[PDB]
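Below is data34.cif, which holds mmCIF, C-alpha atoms and all ligand atoms.
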data_input
loop_
_atom_site.group_PDB
_atom_site.id
_atom_site.type_symbol
_atom_site.label_atom_id
_atom_site.label_comp_id
_atom_site.auth_asym_id
_atom_site.auth_seq_id
_atom_site.Cartn_x
_atom_site.Cartn_y
_atom_site.Cartn_z
ATOM 1 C CA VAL N 1 28.405 -18.201 18.526
ATOM 2 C CA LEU N 2 25.193 -19.885 19.698
ATOM 3 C CA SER N 3 25.342 -22.925 21.965
ATOM 4 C CA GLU N 4 23.661 -26.212 20.986
ATOM 5 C CA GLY N 5 21.130 -25.575 23.773
ATOM 6 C CA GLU N 6 20.346 -22.206 22.188
ATOM 7 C CA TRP N 7 19.993 -23.782 18.717
ATOM 8 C CA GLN N 8 17.529 -26.351 20.103
ATOM 9 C CA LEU N 9 15.337 -23.565 21.532
ATOM 10 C CA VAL N 10 15.363 -21.971 18.060
ATOM 11 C CA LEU N 11 14.580 -25.266 16.306
ATOM 12 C CA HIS N 12 11.839 -26.272 18.768
ATOM 13 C CA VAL N 13 9.828 -23.098 18.153
ATOM 14 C CA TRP N 14 10.480 -23.461 14.403
ATOM 15 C CA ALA N 15 8.969 -26.959 14.532
ATOM 16 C CA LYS N 16 5.680 -25.239 15.498
ATOM 17 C CA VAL N 17 6.024 -22.676 12.687
ATOM 18 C CA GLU N 18 6.269 -25.629 10.285
ATOM 19 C CA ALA N 19 2.808 -26.821 11.325
ATOM 20 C CA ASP N 20 1.527 -23.988 9.113
ATOM 21 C CA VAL N 21 4.330 -22.000 7.465
ATOM 22 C CA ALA N 22 1.901 -20.126 5.162
ATOM 23 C CA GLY N 23 -0.173 -18.823 8.097
ATOM 24 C CA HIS N 24 2.950 -17.739 10.001
ATOM 25 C CA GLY N 25 4.383 -16.021 6.902
ATOM 26 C CA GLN N 26 1.181 -14.019 6.416
ATOM 27 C CA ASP N 27 1.245 -12.854 10.061
ATOM 28 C CA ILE N 28 4.930 -11.836 9.899
ATOM 29 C CA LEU N 29 4.812 -9.919 6.576
ATOM 30 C CA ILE N 30 1.582 -8.148 7.572
ATOM 31 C CA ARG N 31 3.092 -7.160 10.946
ATOM 32 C CA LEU N 32 6.206 -5.890 9.128
ATOM 33 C CA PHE N 33 4.160 -3.785 6.681
ATOM 34 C CA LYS N 34 1.886 -2.462 9.446
ATOM 35 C CA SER N 35 4.650 -1.643 11.958
ATOM 36 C CA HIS N 36 6.978 -0.190 9.302
ATOM 37 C CA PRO N 37 5.004 0.917 6.181
ATOM 38 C CA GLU N 38 8.191 2.050 4.378
ATOM 39 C CA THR N 39 9.255 -1.618 4.042
ATOM 40 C CA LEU N 40 6.251 -2.316 1.769
ATOM 41 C CA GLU N 41 7.588 0.242 -0.741
ATOM 42 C CA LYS N 42 10.531 -2.094 -1.433
ATOM 43 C CA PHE N 43 8.026 -4.615 -2.848
ATOM 44 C CA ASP N 44 6.923 -3.457 -6.327
ATOM 45 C CA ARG N 45 5.016 -6.763 -6.339
ATOM 46 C CA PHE N 46 2.987 -5.907 -3.211
ATOM 47 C CA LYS N 47 2.929 -2.109 -2.710
ATOM 48 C CA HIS N 48 -0.562 -1.892 -4.281
ATOM 49 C CA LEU N 49 -1.994 -3.604 -1.165
ATOM 50 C CA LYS N 50 -3.790 -0.861 0.792
ATOM 51 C CA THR N 51 -5.153 -2.679 3.864
ATOM 52 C CA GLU N 52 -4.569 -5.733 6.088
ATOM 53 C CA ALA N 53 -7.672 -7.348 4.547
ATOM 54 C CA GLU N 54 -6.160 -7.055 1.050
ATOM 55 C CA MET N 55 -2.855 -8.419 2.386
ATOM 56 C CA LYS N 56 -4.664 -11.378 4.015
ATOM 57 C CA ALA N 57 -6.526 -12.125 0.764
ATOM 58 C CA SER N 58 -3.379 -11.983 -1.398
ATOM 59 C CA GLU N 59 -2.416 -15.505 -2.505
ATOM 60 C CA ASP N 60 0.785 -14.037 -3.972
ATOM 61 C CA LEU N 61 1.820 -12.528 -0.611
ATOM 62 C CA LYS N 62 1.124 -15.857 1.128
ATOM 63 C CA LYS N 63 3.353 -17.601 -1.439
ATOM 64 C CA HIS N 64 6.210 -15.176 -0.736
ATOM 65 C CA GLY N 65 5.786 -15.598 3.034
ATOM 66 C CA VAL N 66 6.313 -19.341 2.524
ATOM 67 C CA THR N 67 9.420 -18.650 0.397
ATOM 68 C CA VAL N 68 10.912 -16.286 3.017
ATOM 69 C CA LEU N 69 10.283 -18.515 6.055
ATOM 70 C CA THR N 70 11.461 -21.680 4.260
ATOM 71 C CA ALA N 71 14.710 -19.897 3.307
ATOM 72 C CA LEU N 72 15.168 -18.625 6.881
ATOM 73 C CA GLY N 73 14.272 -22.092 8.216
ATOM 74 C CA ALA N 74 16.963 -23.693 6.049
ATOM 75 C CA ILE N 75 19.501 -21.191 7.439
ATOM 76 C CA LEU N 76 18.511 -21.838 11.084
ATOM 77 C CA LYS N 77 18.795 -25.607 10.541
ATOM 78 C CA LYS N 78 22.456 -25.129 9.532
ATOM 79 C CA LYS N 79 23.040 -23.856 13.100
ATOM 80 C CA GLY N 80 25.586 -21.196 12.082
ATOM 81 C CA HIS N 81 27.039 -23.099 9.101
ATOM 82 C CA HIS N 82 25.043 -21.037 6.611
ATOM 83 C CA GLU N 83 27.697 -19.622 4.228
ATOM 84 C CA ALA N 84 26.261 -21.312 1.111
ATOM 85 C CA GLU N 85 22.675 -20.264 1.909
ATOM 86 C CA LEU N 86 23.586 -16.675 2.759
ATOM 87 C CA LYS N 87 25.554 -15.946 -0.449
ATOM 88 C CA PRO N 88 22.652 -15.787 -2.962
ATOM 89 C CA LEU N 89 20.417 -14.031 -0.398
ATOM 90 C CA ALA N 90 23.034 -11.364 0.364
ATOM 91 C CA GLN N 91 23.631 -10.674 -3.352
ATOM 92 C CA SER N 92 19.961 -10.366 -4.350
ATOM 93 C CA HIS N 93 19.012 -8.244 -1.318
ATOM 94 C CA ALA N 94 22.052 -5.987 -1.672
ATOM 95 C CA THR N 95 22.069 -5.533 -5.451
ATOM 96 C CA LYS N 96 18.518 -6.124 -6.763
ATOM 97 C CA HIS N 97 16.157 -5.482 -3.831
ATOM 98 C CA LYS N 98 18.381 -2.973 -1.955
ATOM 99 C CA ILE N 99 17.331 -3.934 1.585
ATOM 100 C CA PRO N 100 19.075 -2.019 4.412
ATOM 101 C CA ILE N 101 20.123 -3.810 7.627
ATOM 102 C CA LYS N 102 17.565 -1.574 9.399
ATOM 103 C CA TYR N 103 14.808 -3.335 7.410
ATOM 104 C CA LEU N 104 16.213 -6.763 8.309
ATOM 105 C CA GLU N 105 16.045 -5.600 11.935
ATOM 106 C CA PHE N 106 12.363 -4.744 11.330
ATOM 107 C CA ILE N 107 11.536 -8.208 9.939
ATOM 108 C CA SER N 108 13.419 -9.791 12.873
ATOM 109 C CA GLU N 109 11.185 -7.776 15.228
ATOM 110 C CA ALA N 110 8.125 -8.969 13.274
ATOM 111 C CA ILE N 111 9.244 -12.627 13.499
ATOM 112 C CA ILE N 112 9.849 -12.379 17.265
ATOM 113 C CA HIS N 113 6.498 -10.658 17.868
ATOM 114 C CA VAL N 114 4.487 -13.272 15.937
ATOM 115 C CA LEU N 115 6.269 -16.203 17.640
ATOM 116 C CA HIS N 116 5.710 -14.533 21.030
ATOM 117 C CA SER N 117 1.970 -14.148 20.344
ATOM 118 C CA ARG N 118 1.394 -17.538 18.667
ATOM 119 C CA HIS N 119 3.724 -19.756 20.703
ATOM 120 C CA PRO N 120 3.967 -18.928 24.440
ATOM 121 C CA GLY N 121 4.575 -22.664 25.032
ATOM 122 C CA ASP N 122 7.843 -22.628 23.062
ATOM 123 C CA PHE N 123 8.738 -18.920 23.070
ATOM 124 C CA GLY N 124 9.411 -18.051 26.706
ATOM 125 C CA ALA N 125 12.280 -15.768 27.753
ATOM 126 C CA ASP N 126 15.104 -18.253 27.076
ATOM 127 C CA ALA N 127 13.691 -19.224 23.662
ATOM 128 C CA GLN N 128 13.146 -15.590 22.587
ATOM 129 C CA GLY N 129 16.723 -14.766 23.640
ATOM 130 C CA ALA N 130 18.039 -17.678 21.567
ATOM 131 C CA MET N 131 15.958 -16.631 18.529
ATOM 132 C CA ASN N 132 17.205 -13.044 18.919
ATOM 133 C CA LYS N 133 20.781 -14.352 19.047
ATOM 134 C CA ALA N 134 20.210 -16.437 15.892
ATOM 135 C CA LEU N 135 18.652 -13.508 13.999
ATOM 136 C CA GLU N 136 21.439 -11.179 15.187
ATOM 137 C CA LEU N 137 24.010 -13.653 13.804
ATOM 138 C CA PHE N 138 22.066 -13.778 10.508
ATOM 139 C CA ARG N 139 22.094 -9.971 10.222
ATOM 140 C CA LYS N 140 25.760 -9.750 11.280
ATOM 141 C CA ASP N 141 26.873 -12.178 8.557
ATOM 142 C CA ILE N 142 24.567 -10.565 5.957
ATOM 143 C CA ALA N 143 25.988 -7.132 6.863
ATOM 144 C CA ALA N 144 29.510 -8.525 6.368
ATOM 145 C CA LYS N 145 28.568 -9.932 2.939
ATOM 146 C CA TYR N 146 26.831 -6.652 2.004
ATOM 147 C CA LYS N 147 30.108 -4.759 2.510
ATOM 148 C CA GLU N 148 32.043 -7.387 0.515
ATOM 149 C CA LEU N 149 29.493 -6.944 -2.302
ATOM 150 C CA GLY N 150 29.848 -3.135 -2.192
ATOM 151 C CA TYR N 151 26.572 -2.233 -0.474
ATOM 152 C CA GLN N 152 26.349 0.016 2.607
ATOM 153 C CA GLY N 153 23.173 -1.606 3.963
HETATM 154 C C1 LIG K 201 14.201 -12.818 7.169
HETATM 155 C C2 LIG K 201 14.958 -12.239 6.229
HETATM 156 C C3 LIG K 201 14.602 -12.426 4.738
HETATM 157 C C4 LIG K 201 14.674 -13.567 4.040
HETATM 158 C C5 LIG K 201 15.124 -14.955 4.557
HETATM 159 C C6 LIG K 201 14.247 -13.288 2.685
HETATM 160 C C7 LIG K 201 14.175 -14.210 1.661
HETATM 161 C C8 LIG K 201 13.873 -13.947 0.343
HETATM 162 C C9 LIG K 201 13.887 -14.904 -0.745
HETATM 163 C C10 LIG K 201 14.250 -16.403 -0.608
HETATM 164 C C11 LIG K 201 13.532 -14.258 -1.866
HETATM 165 C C12 LIG K 201 13.410 -14.866 -3.288
HETATM 166 C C13 LIG K 201 14.785 -15.027 -3.945
HETATM 167 C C14 LIG K 201 15.615 -13.767 -3.855
HETATM 168 O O1 LIG K 201 15.274 -12.765 -4.540
HETATM 169 O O2 LIG K 201 16.625 -13.763 -3.100
HETATM 170 C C15 LIG K 201 13.283 -12.868 -1.519
HETATM 171 C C16 LIG K 201 12.894 -11.864 -2.379
HETATM 172 C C17 LIG K 201 12.646 -10.540 -2.072
HETATM 173 N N1 LIG K 201 12.919 -9.908 -0.862
HETATM 174 FE FE1 LIG K 201 13.521 -10.898 0.838
HETATM 175 N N2 LIG K 201 13.926 -11.946 2.602
HETATM 176 C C18 LIG K 201 14.130 -11.382 3.848
HETATM 177 C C19 LIG K 201 13.918 -10.059 4.180
HETATM 178 C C20 LIG K 201 13.474 -9.059 3.337
HETATM 179 C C21 LIG K 201 13.019 -7.733 3.723
HETATM 180 C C22 LIG K 201 12.952 -7.217 5.182
HETATM 181 C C23 LIG K 201 12.675 -7.070 2.603
HETATM 182 C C24 LIG K 201 12.127 -5.624 2.451
HETATM 183 C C25 LIG K 201 11.892 -4.792 3.475
HETATM 184 C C26 LIG K 201 12.908 -7.959 1.479
HETATM 185 C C27 LIG K 201 12.689 -7.665 0.150
HETATM 186 C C28 LIG K 201 12.553 -8.563 -0.886
HETATM 187 C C29 LIG K 201 12.002 -8.255 -2.188
HETATM 188 C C30 LIG K 201 11.462 -6.893 -2.682
HETATM 189 C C31 LIG K 201 12.066 -9.567 -2.973
HETATM 190 C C32 LIG K 201 11.587 -9.798 -4.421
HETATM 191 C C33 LIG K 201 10.082 -10.039 -4.360
HETATM 192 C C34 LIG K 201 9.555 -10.222 -5.757
HETATM 193 O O3 LIG K 201 9.260 -9.196 -6.422
HETATM 194 O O4 LIG K 201 9.438 -11.392 -6.202
HETATM 195 N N3 LIG K 201 13.390 -9.159 1.961
HETATM 196 N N4 LIG K 201 13.499 -12.718 -0.165
HETATM 197 XE XE XE K 202 7.886 -13.808 6.355
HETATM 198 XE XE XE K 203 18.072 -11.366 3.428
HETATM 199 XE XE XE K 204 16.947 -11.506 9.460
HETATM 200 XE XE XE K 205 21.576 -17.556 11.620
#

Let's see the structure in the file written out as C-alpha cells.
Amino acid sequence: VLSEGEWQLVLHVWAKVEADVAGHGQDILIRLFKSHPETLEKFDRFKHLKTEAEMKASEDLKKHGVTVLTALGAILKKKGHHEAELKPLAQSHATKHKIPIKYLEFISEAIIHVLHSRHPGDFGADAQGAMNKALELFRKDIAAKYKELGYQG
C-alpha cells in the first residue's frame, strides 16, 4: 500500500506528462520497442514499423500512446482504488492481446526511463521509488486478475 505522500510524488510527475501526453507516449513506446524488440511482435497493428524514424512518423502509434498513458493516468489518479479500471484491461490483455507480466515489467521500465530523462525536476530518487511502487502495485493486481481469468501471464 502506497502512502499519500508517495501518491503525490506519482501525481506530481504525471502532471508534467500531461503537458504533452502524445510526446511522452511516443518516447515510451519507442523505448519499449527498442529495448525489447519482442514486445513489438504483440502489435499486429505496429509490427511493420522497421525503424525509430518510422515509429516517430506514425500518427497511429502516437494515438495509441495517448490511449495507453491516459488509461494508466486514470488508474494512478485512483490511488490504489482501481478495481473498475483494471477489470477490462486485465481481460483484454490476458485473453485478446496475450501480454505476459514480463512485458508489463518492460513497459514499466520504459516509463521510468523516459520520466527520469525528461523530468529530473520531479523524478528524483524519492519520486522514482514512488512511481516504481505504483507500477509494481499495478502489475501485482493485474497478475492476480490474470490468474482469475485463467491466464498464466
Ligand atoms: C502500462 C500498461 C498498459 C496499459 C495501461 C495499456 C493500455 C491499453 C489500452 C487502454 C488499450 C485499448 C483497449 C484494450 O484493448 O484494452 C490497449 C490495447 C493493446 N495493448 Fe496495451 N497497455 C499496456 C501495456 C501493454 C504492453 C506492454 C503490450 C505489449 C507488449 C500491450 C499490448 C496491447 C495490444 C497489442 C493492444 C491492441 C492494439 C490494437 O491493435 O489496437 N499493452 N492497451
Ligand atoms: Xe505508452
Ligand atoms: Xe495492462
Ligand atoms: Xe504496468
Ligand atoms: Xe496502480

| Point-to-point distance from CA of residue 41 in chain N to CA of residue 89 in chain N, Å rounded to tenths | 19.2 Å

| query | Pick from N:94, N:84, N:28, N:104: nearest to residue 137 in chain N, with only C-alpha atoms counted? | reply |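 For residue 137 in chain N, the nearest of the candidates is N:104.
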
| Closest of N:52, N:105, N:4, N:83 to ligand LIG 201 (chain K) - atom-to-atom distances counting all atoms listed in the file |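 When distances to ligand LIG 201 (chain K) are compared using all atoms listed in the file, the smallest one comes from N:105.
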
| task | Measure the distance from atom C25 of ligand LIG 201 (chain K) to CA of residue 99 in chain N in Å and round it to one decimal. | result |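 Atom-to-atom, atom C25 of ligand LIG 201 (chain K) to CA of residue 99 in chain N, that is 5.8 Å.
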
Go through chain N residue by residue and, counting all atoms listed in the file, keep those with an atom at most 10 Å from ligand XE 203 (chain K); for each kept residue give the shortest atom pair and its distance in Å to one decimal, ordered by chain and increasing number, as JSON lines.
{"residue": "N:68", "atom": "CA", "partner": "K:XE203", "partner_atom": "XE", "distance": 8.7}
{"residue": "N:71", "atom": "CA", "partner": "K:XE203", "partner_atom": "XE", "distance": 9.2}
{"residue": "N:72", "atom": "CA", "partner": "K:XE203", "partner_atom": "XE", "distance": 8.5}
{"residue": "N:86", "atom": "CA", "partner": "K:XE203", "partner_atom": "XE", "distance": 7.7}
{"residue": "N:87", "atom": "CA", "partner": "K:XE203", "partner_atom": "XE", "distance": 9.6}
{"residue": "N:88", "atom": "CA", "partner": "K:XE203", "partner_atom": "XE", "distance": 9.0}
{"residue": "N:89", "atom": "CA", "partner": "K:XE203", "partner_atom": "XE", "distance": 5.2}
{"residue": "N:90", "atom": "CA", "partner": "K:XE203", "partner_atom": "XE", "distance": 5.8}
{"residue": "N:91", "atom": "CA", "partner": "K:XE203", "partner_atom": "XE", "distance": 8.8}
{"residue": "N:92", "atom": "CA", "partner": "K:XE203", "partner_atom": "XE", "distance": 8.1}
{"residue": "N:93", "atom": "CA", "partner": "K:XE203", "partner_atom": "XE", "distance": 5.8}
{"residue": "N:94", "atom": "CA", "partner": "K:XE203", "partner_atom": "XE", "distance": 8.4}
{"residue": "N:97", "atom": "CA", "partner": "K:XE203", "partner_atom": "XE", "distance": 9.5}
{"residue": "N:98", "atom": "CA", "partner": "K:XE203", "partner_atom": "XE", "distance": 10.0}
{"residue": "N:99", "atom": "CA", "partner": "K:XE203", "partner_atom": "XE", "distance": 7.7}
{"residue": "N:100", "atom": "CA", "partner": "K:XE203", "partner_atom": "XE", "distance": 9.5}
{"residue": "N:101", "atom": "CA", "partner": "K:XE203", "partner_atom": "XE", "distance": 8.9}
{"residue": "N:103", "atom": "CA", "partner": "K:XE203", "partner_atom": "XE", "distance": 9.5}
{"residue": "N:104", "atom": "CA", "partner": "K:XE203", "partner_atom": "XE", "distance": 7.0}
{"residue": "N:107", "atom": "CA", "partner": "K:XE203", "partner_atom": "XE", "distance": 9.8}
{"residue": "N:138", "atom": "CA", "partner": "K:XE203", "partner_atom": "XE", "distance": 8.5}
{"residue": "N:139", "atom": "CA", "partner": "K:XE203", "partner_atom": "XE", "distance": 8.0}
{"residue": "N:142", "atom": "CA", "partner": "K:XE203", "partner_atom": "XE", "distance": 7.0}
{"residue": "N:143", "atom": "CA", "partner": "K:XE203", "partner_atom": "XE", "distance": 9.6}

Filtering to C-alpha atoms, could you give me those residues as a tab-separated table (two decimals), in the coordinates of the input?
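Dumped to result-v1.tsv:
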chain	number	residue	atom	x	y	z
N	68	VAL	CA	10.91	-16.29	3.02
N	71	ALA	CA	14.71	-19.90	3.31
N	72	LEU	CA	15.17	-18.62	6.88
N	86	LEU	CA	23.59	-16.68	2.76
N	87	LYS	CA	25.55	-15.95	-0.45
N	88	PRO	CA	22.65	-15.79	-2.96
N	89	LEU	CA	20.42	-14.03	-0.40
N	90	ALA	CA	23.03	-11.36	0.36
N	91	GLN	CA	23.63	-10.67	-3.35
N	92	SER	CA	19.96	-10.37	-4.35
N	93	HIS	CA	19.01	-8.24	-1.32
N	94	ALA	CA	22.05	-5.99	-1.67
N	97	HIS	CA	16.16	-5.48	-3.83
N	98	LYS	CA	18.38	-2.97	-1.96
N	99	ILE	CA	17.33	-3.93	1.58
N	100	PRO	CA	19.08	-2.02	4.41
N	101	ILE	CA	20.12	-3.81	7.63
N	103	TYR	CA	14.81	-3.34	7.41
N	104	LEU	CA	16.21	-6.76	8.31
N	107	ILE	CA	11.54	-8.21	9.94
N	138	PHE	CA	22.07	-13.78	10.51
N	139	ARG	CA	22.09	-9.97	10.22
N	142	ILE	CA	24.57	-10.56	5.96
N	143	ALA	CA	25.99	-7.13	6.86

| Residue neighbourhood range 123-127 of chain N, 8 Å, all atoms listed in the file, exclusion window fewer than 3 positions, as a ChimeraX atom specification | /N:6,9-10,13,115-116,119-120,130-131

Could you give me the centre and size, in Å to one decimal, of an axis-aligned box around all listed atoms of range 18-30 of chain N with 8 Å added on every side, as lines of an AutoDock Vina configuration file?
center_x = 3.0
center_y = -17.5
center_z = 8.2
size_x = 22.4
size_y = 34.7
size_z = 22.2

| field | Residues matched by the PyMOL selection byres (((chain N and resi 17) around 12) and not hetatm) as a ChimeraX atom specification | value | /N:10-16,18-28,65-66,69-70,72-73,111-112,114-116,118-119,122-123

| request: Report the residues retrieved by the PyMOL selection byres (((chain N and resi 39) around 10) and not hetatm) from the displayed file, expressed as a VMD selection string. | output: chain N and resid 29 32 to 38 40 to 43 47 99 to 100 102 to 104 106 to 107

Please report as JSON lines every residue of chain N lying within 8 Å of ligand XE 205 (chain K), along with the nearest atom pair and their distance in Å (one decimal), using only C-alpha atoms and all ligand atoms.
{"residue": "N:75", "atom": "CA", "partner": "K:XE205", "partner_atom": "XE", "distance": 5.9}
{"residue": "N:76", "atom": "CA", "partner": "K:XE205", "partner_atom": "XE", "distance": 5.3}
{"residue": "N:78", "atom": "CA", "partner": "K:XE205", "partner_atom": "XE", "distance": 7.9}
{"residue": "N:79", "atom": "CA", "partner": "K:XE205", "partner_atom": "XE", "distance": 6.6}
{"residue": "N:80", "atom": "CA", "partner": "K:XE205", "partner_atom": "XE", "distance": 5.4}
{"residue": "N:82", "atom": "CA", "partner": "K:XE205", "partner_atom": "XE", "distance": 7.0}
{"residue": "N:134", "atom": "CA", "partner": "K:XE205", "partner_atom": "XE", "distance": 4.6}
{"residue": "N:135", "atom": "CA", "partner": "K:XE205", "partner_atom": "XE", "distance": 5.5}
{"residue": "N:136", "atom": "CA", "partner": "K:XE205", "partner_atom": "XE", "distance": 7.3}
{"residue": "N:137", "atom": "CA", "partner": "K:XE205", "partner_atom": "XE", "distance": 5.1}
{"residue": "N:138", "atom": "CA", "partner": "K:XE205", "partner_atom": "XE", "distance": 4.0}
{"residue": "N:139", "atom": "CA", "partner": "K:XE205", "partner_atom": "XE", "distance": 7.7}

| task | Could you jot down the CA of residue 64 in chain N to CA of residue 145 in chain N separation for me, Å, one decimal place? | result |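 CA of residue 145 in chain N lies 23.3 Å from CA of residue 64 in chain N.
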
Using the incomplete input, complete range 38-54 of chain N to the level of N, CA and C atoms; output as a compact mmCIF listing (two decimals), in the frame of the given file.
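Final output, out_11.txt:
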# COMPACT_ATOMS: atom_id res chain seq x y z
N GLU N 38 7.14 1.78 5.37
CA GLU N 38 8.19 2.05 4.38
C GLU N 38 8.78 0.77 3.76
N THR N 39 8.74 -0.33 4.51
CA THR N 39 9.26 -1.62 4.04
C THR N 39 8.44 -2.19 2.87
N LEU N 40 7.15 -1.88 2.85
CA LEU N 40 6.25 -2.32 1.77
C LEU N 40 6.63 -1.70 0.42
N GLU N 41 7.18 -0.49 0.46
CA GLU N 41 7.59 0.24 -0.74
C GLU N 41 8.74 -0.43 -1.49
N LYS N 42 9.47 -1.31 -0.80
CA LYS N 42 10.53 -2.09 -1.43
C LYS N 42 9.97 -3.22 -2.31
N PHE N 43 8.71 -3.58 -2.08
CA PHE N 43 8.03 -4.62 -2.85
C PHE N 43 7.15 -4.02 -3.95
N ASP N 44 7.70 -3.90 -5.16
CA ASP N 44 6.92 -3.46 -6.33
C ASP N 44 5.78 -4.43 -6.62
N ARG N 45 5.99 -5.68 -6.21
CA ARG N 45 5.02 -6.76 -6.34
C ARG N 45 3.80 -6.57 -5.42
N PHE N 46 4.01 -5.96 -4.26
CA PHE N 46 2.99 -5.91 -3.21
C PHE N 46 2.53 -4.51 -2.76
N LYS N 47 3.20 -3.46 -3.22
CA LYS N 47 2.93 -2.11 -2.71
C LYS N 47 1.54 -1.55 -3.06
N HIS N 48 0.82 -2.24 -3.95
CA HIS N 48 -0.56 -1.89 -4.28
C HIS N 48 -1.55 -2.25 -3.16
N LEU N 49 -1.15 -3.17 -2.28
CA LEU N 49 -1.99 -3.60 -1.16
C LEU N 49 -2.19 -2.48 -0.15
N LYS N 50 -3.44 -2.05 0.01
CA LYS N 50 -3.79 -0.86 0.79
C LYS N 50 -4.11 -1.15 2.26
N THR N 51 -4.65 -2.33 2.53
CA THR N 51 -5.15 -2.68 3.86
C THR N 51 -4.70 -4.08 4.28
N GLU N 52 -4.85 -4.39 5.57
CA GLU N 52 -4.57 -5.73 6.09
C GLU N 52 -5.46 -6.80 5.44
N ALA N 53 -6.73 -6.44 5.20
CA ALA N 53 -7.67 -7.35 4.55
C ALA N 53 -7.19 -7.76 3.16
N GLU N 54 -6.72 -6.78 2.38
CA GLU N 54 -6.16 -7.06 1.05
C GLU N 54 -4.90 -7.91 1.14
